[PDB]
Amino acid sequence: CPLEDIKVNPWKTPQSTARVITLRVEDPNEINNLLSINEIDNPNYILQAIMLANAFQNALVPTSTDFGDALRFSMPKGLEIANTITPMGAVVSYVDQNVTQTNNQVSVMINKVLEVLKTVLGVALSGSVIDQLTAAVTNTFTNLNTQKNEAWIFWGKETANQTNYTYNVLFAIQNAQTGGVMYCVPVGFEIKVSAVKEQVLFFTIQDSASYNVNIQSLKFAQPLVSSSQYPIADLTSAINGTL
């Protein structure tokens, strides 16, 4: 079928070669209420990632009674916990900002939230994790039906005109843009949306809604520690939180 010459299109995004593995660990020894999303080019840093999530579990706090009976990541408490973490590390940035909108599509809200998180991460880091970051924020406001009973989402007060819920997600990043450190970015969402739960469960990005959202997050940089030498038992203990 005669070999044609190369028509090199320089804007054609190539298919990813990244391997994605999702772990659902039933009945963990200790409960973890953070959705853990880990970016890693060297799997020897996975344990470190899981241990950072174990640490920031202690930074979750109850919401006010008016909101409901829910847990959310606290930036203030996050700072406290950061100091106690070993090996020692630094809080590069932190945010506690409200985001609102009126009668806009859910896609707009996802963007507004993305803007805040992209500010936290920075251009370089943002770009290296844009796919999972976009997906993670998307899954905060949509695809909630399948998530409704998960350990990282908490349903608060539910009126006829409003639904309150929290959503806890953590990003661990180790790649070319990080170098000799692994970044950790826990995010605690406190969301008020102008719809009944039943509608919220099946909200899409096309749907329109008014939002009042509080975003609490920080970026924690911890020097890399390989775990190749250690047995898998330690990783198992890390996942269970018994390490």
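Don't overthink the numbering: it's just position in the shown sequence, from 1.
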Which wins on mean Cα temperature factor, 198-206 or 47-55?
-> 198-206
Entry B factor averaged over C-alpha atoms, 86-94 against 67-75: higher for 86-94
Would you mind checking which of 160, 144, 169, 133 has the top Cα temperature factor in the PDB entry?
-> 160
Taking the entry's C-alpha B-factors for this chain, is residue 19 in the lowest, middle or highest third?
-> lowest
Of the three thirds of its chain by CA temperature factor, lowest, middle or highest, which one includes residue 151?
-> lowest
Within this chain, which third does the Cα B-factor at residue 103 fall in: lowest, middle or highest?
-> highest
Of the three thirds of Cα B-factor ranks in this chain, residue 137 occupies the lowest
Binned into thirds over the chain's modelled residues, the C-alpha B-factor of residue 81 lands in the highest
